[PDB]
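Accompanying notes for the structure given below.
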Amino acid sequence: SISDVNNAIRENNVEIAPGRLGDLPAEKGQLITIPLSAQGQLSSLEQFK
Amino acid sequence: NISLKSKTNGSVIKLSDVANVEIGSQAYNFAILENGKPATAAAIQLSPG
């Protein structure tokens, strides 16, 4: 049904929110903190197809 | 003391067993130090006139 297509679009094309390594509160002795990035959205016709 | 159900064996386990619960801060982004010690502050705005 149409709802199935809508759910497929929702699940396959989603926005992810990765955090950070060393994010506060952080363990003692942590010297490096670096953000994390992940692309969960589709950006082309082929990907949606 | 919240109770969860273990899927592996079906036994009843407590939230404390799988996690540590405490009273902390909603956000840990900022910290305030008064002469190198914990502190808090509040700014008072003068009313008009």
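Just so we're on the same page: first chain in the structure tokens is A, next is B, and so on; residues restart at 1 for each chain, and ligands are numbered from 1 in the order they show up.
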Report as a tab-separated table: every residue of chain A with an atom at most 9 Å from chain B, its closest pair of atoms, and their distance in Å to one decimal, counting only C-alpha atoms, with rows sorted by chain and ascending residue number.
residue	atom	partner	partner_atom	distance
A:23	CA	B:29	CA	8.9
A:24	CA	B:28	CA	6.0
A:25	CA	B:28	CA	6.4
message: Need the shell around segment 5-21 of chain A: protein/DNA/RNA residues with any atom at most 10 Å away, counting only C-alpha atoms. Skip same-chain ones fewer than 5 positions apart. Format as a PyMOL selection string?
response: chain A and resi 26+30+32-43+47-48
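Secondary structure by DSSP on the backbone puts the following residues of chain A in strand (DSSP E): residues 20, 21, 34 and 35 of chain A.
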message: If we count only C-alpha atoms and set the cut-off at 12 Å, which residues sit around residue 13 of chain B, ignoring sequence neighbours fewer than 5 positions away in its own chain? Please answer as an MDAnalysis selection string.
response: chainID B and resid 1:8 18:19
Any chance you could export the current selection's N, CA and C atoms as a JSON list (two decimals), in the first residue's frame?
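out_38.json, written as the output of this step:
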[["chain", "number", "residue", "atom", "x", "y", "z"],
["B", 1, "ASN", "N", 15.19, 0.90, 41.08],
["B", 1, "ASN", "CA", 14.44, -0.33, 41.30],
["B", 1, "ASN", "C", 13.52, -0.68, 40.14],
["B", 2, "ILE", "N", 13.55, 0.08, 39.05],
["B", 2, "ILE", "CA", 12.72, -0.24, 37.89],
["B", 2, "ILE", "C", 13.09, -1.62, 37.36],
["B", 3, "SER", "N", 12.08, -2.37, 36.93],
["B", 3, "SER", "CA", 12.26, -3.76, 36.54],
["B", 3, "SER", "C", 12.21, -3.91, 35.03],
["B", 4, "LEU", "N", 13.21, -4.61, 34.49],
["B", 4, "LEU", "CA", 13.27, -4.97, 33.08],
["B", 4, "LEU", "C", 13.26, -6.49, 32.96],
["B", 5, "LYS", "N", 12.89, -6.96, 31.77],
["B", 5, "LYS", "CA", 12.79, -8.39, 31.48],
["B", 5, "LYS", "C", 13.94, -8.78, 30.56],
["B", 6, "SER", "N", 14.75, -9.74, 31.00],
["B", 6, "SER", "CA", 15.87, -10.20, 30.21],
["B", 6, "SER", "C", 15.40, -11.18, 29.14],
["B", 7, "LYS", "N", 15.80, -10.93, 27.89],
["B", 7, "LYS", "CA", 15.37, -11.79, 26.79],
["B", 7, "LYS", "C", 16.15, -13.10, 26.78],
["B", 8, "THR", "N", 17.42, -13.07, 27.20],
["B", 8, "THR", "CA", 18.26, -14.25, 27.12],
["B", 8, "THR", "C", 17.70, -15.39, 27.97],
["B", 18, "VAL", "N", 22.05, -2.83, 35.04],
["B", 18, "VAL", "CA", 22.56, -2.52, 33.71],
["B", 18, "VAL", "C", 22.97, -1.06, 33.56],
["B", 19, "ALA", "N", 22.77, -0.23, 34.59],
["B", 19, "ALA", "CA", 23.09, 1.18, 34.47],
["B", 19, "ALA", "C", 23.27, 1.77, 35.86]]
- prompt: chain B: which residues are helix (DSSP H, G or I) by DSSP, as a ChimeraX atom specification?
  reply: /B:15-18
field: Atomic separation - atom CA of residue 38 of chain B relative to atom CA of residue 24 of chain B, Å
entry: 14.4 Å
- prompt: Any idea what the distance is between atom CA of residue 22 of chain B and atom CA of residue 29 of chain A?
  reply: 22.4 Å
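Put simply, atom CA of residue 36 of chain B is 18.1 Å away from atom CA of residue 28 of chain A.
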